[PDB]
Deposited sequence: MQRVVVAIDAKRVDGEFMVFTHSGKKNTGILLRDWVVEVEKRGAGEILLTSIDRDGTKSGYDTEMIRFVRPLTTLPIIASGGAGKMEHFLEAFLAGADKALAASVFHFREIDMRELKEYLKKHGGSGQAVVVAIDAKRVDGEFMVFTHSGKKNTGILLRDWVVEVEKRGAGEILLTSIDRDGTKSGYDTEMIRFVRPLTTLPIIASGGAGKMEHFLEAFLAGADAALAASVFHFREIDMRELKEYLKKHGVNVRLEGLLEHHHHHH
């Protein structure tokens, strides 16, 4: 509820966990240790902690990084990058992550087992295509031909605990969240929705919550 989520991407550099920007390409020179605190103090309510070392590998989550960060923050940590098997969610949860972000999918048992507070987050990226909301994969480059409407429903049916809903249309713009898309999606799913793509002012978060978002992601207005 009104959760502000901050995306932190990190990677090992000379045996240190360094924070990266620009899709994990730019070494900011800031230590993961320092940023995680600064972010909490700055007022984040959740951390999406992406391991650039694991991101798309199937080898499992970066449990080392997760354990590294756990002592440093009180915030819920969503682990990201590396998932390939259901146990990995257990593996990440054991390491201290409060949630895990499922790998790019192009779950009903774990959902039942979690009894609460811990969830699997599923990323859905969508875009306007001929006035239709379509799911895209591949950083918004590939249309899947599946309607957002249908996929949100499917995802929930298949036992996801939460949806990370990225608007390819707003992502990178700093012009505000895709409130239209948020509103389209909201009645379709009972899952918490983390809105993503578009933040540019503190006022933009308010708009997303109003549009029906439970949490709002920003990778921009911090890093």
| Which parts of the deposited chain sequence are absent from the coordinates, listed in sequence order? | 107-112, 122-125, 234-266
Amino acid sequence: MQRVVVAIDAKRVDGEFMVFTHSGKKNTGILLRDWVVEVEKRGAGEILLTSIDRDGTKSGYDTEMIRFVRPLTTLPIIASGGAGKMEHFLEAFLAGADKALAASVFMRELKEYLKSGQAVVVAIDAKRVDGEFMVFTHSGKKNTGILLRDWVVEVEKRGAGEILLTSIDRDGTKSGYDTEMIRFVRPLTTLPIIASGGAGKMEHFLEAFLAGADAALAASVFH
From here on, numbers count along this sequence of modelled residues.
| task | Identify the stretch, either 74-82 or 146-154, whose C-alpha atoms have the larger mean B-factor according to the entry. | result | 146-154
| Higher-B stretch (mean Cα B-factor, as the entry records it), 166-174 or 53-61 | 53-61
| request: Name the residue from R183, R67, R33, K41 with the greatest C-alpha temperature factor listed in the entry. | output: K41
| note | Here the Cα B-factor of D98, set against its chain, lands in the third termed middle
| field | Among modelled residues of the same chain, the CA temperature factor third for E109 | value | highest
| said: Which third, lowest, middle or highest, does the C-alpha temperature factor of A208 belong to within its own chain? | reply: middle
| note | Binned into thirds over the chain's modelled residues, the C-alpha B-factor of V122 lands in the lowest
| request: Can you work out whether the C-alpha temperature factor of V5 puts it in the lowest, middle or highest third of the chain? | output: lowest
